[PDB]
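Engineer: Numbers 68 to 167, taken from our numbering, label the letters of the sequence shown in order.
The beta carbon of each residue, even a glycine, is placed where N, CA and C say it ideally should be.
Below is one structure. I have some questions about it.
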Amino acid sequence: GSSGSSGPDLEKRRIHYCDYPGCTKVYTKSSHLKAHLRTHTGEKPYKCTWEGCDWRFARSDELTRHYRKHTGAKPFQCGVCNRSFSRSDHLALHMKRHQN
Ligand SMILES: [Zn+2]
Ligand SMILES: [Zn+2]
Ligand SMILES: [Zn+2]
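Listed below in structure tokens is the structure:
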């Protein structure tokens with residue numbers, strides 16, 4: 068068992084469903100789908116070294132810009148301490164510290 072041999076296949080025109088979790092994209096083509104999957108398969112070495120943030124990017128520039136959001140404005144800011152937070156729940160629960 069050393070030799071080998073492979074080959075494609077064909078069948079009626081059916082609806083193909085992306086074998087990816089969450090994804091809701093479909094296509095009635097085997098060629099178009101493969102091209103789409105390319106998006107799911109890749110690599111994201113660049114990681115946001117921010118507190119709380121656990122996202123990642125592929126392009127260096129992409130990240131840089133994203134980071135700006137942290138080094139700028141925040142969708143969550145306290146009143147008393149006037150601090151900034153990434154998550155909402157944290158802010159709500161945080162208040163406790165202020166009050167009794
Ligand atoms: Zn997909
Ligand atoms: Zn981030
Ligand atoms: Zn506060």
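With respect to the alpha helix (DSSP H) encompassing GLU129, which residues constitute its N-terminal and C-terminal limits?
Structural biologist: 127-137
Engineer: Please state the DSSP three-state secondary structure of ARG80.
Structural biologist: coil
Engineer: Note the first and the last residue of the continuous alpha helix (DSSP H) segment covering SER153.
Structural biologist: Per DSSP, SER153 belongs to no alpha helix (DSSP H) and is neither H nor E.
Engineer: Quick one: is the Cβ of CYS115 within less than 7 Å of any heavy atom of ligand 2?
Structural biologist: Result yes, Cβ under 7 Å from ligand 2.
Engineer: So the candidates are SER155, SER151, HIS161; which of them puts its Cα closest to the Cα of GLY139?
Structural biologist: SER151
Engineer: Measure the Cβ-Cβ separation of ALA102 and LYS111 and say whether it is below 8 Å.
Structural biologist: no
Engineer: According to DSSP, is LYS114 part of a helix, a strand, or is it coil?
Structural biologist: strand
Engineer: When you compare the CB of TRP122 with every CB in chain C, is at least one pair closer than 8 Å?
Structural biologist: Chain labels in this structure do not include chain C; a single protein chain is all it has.
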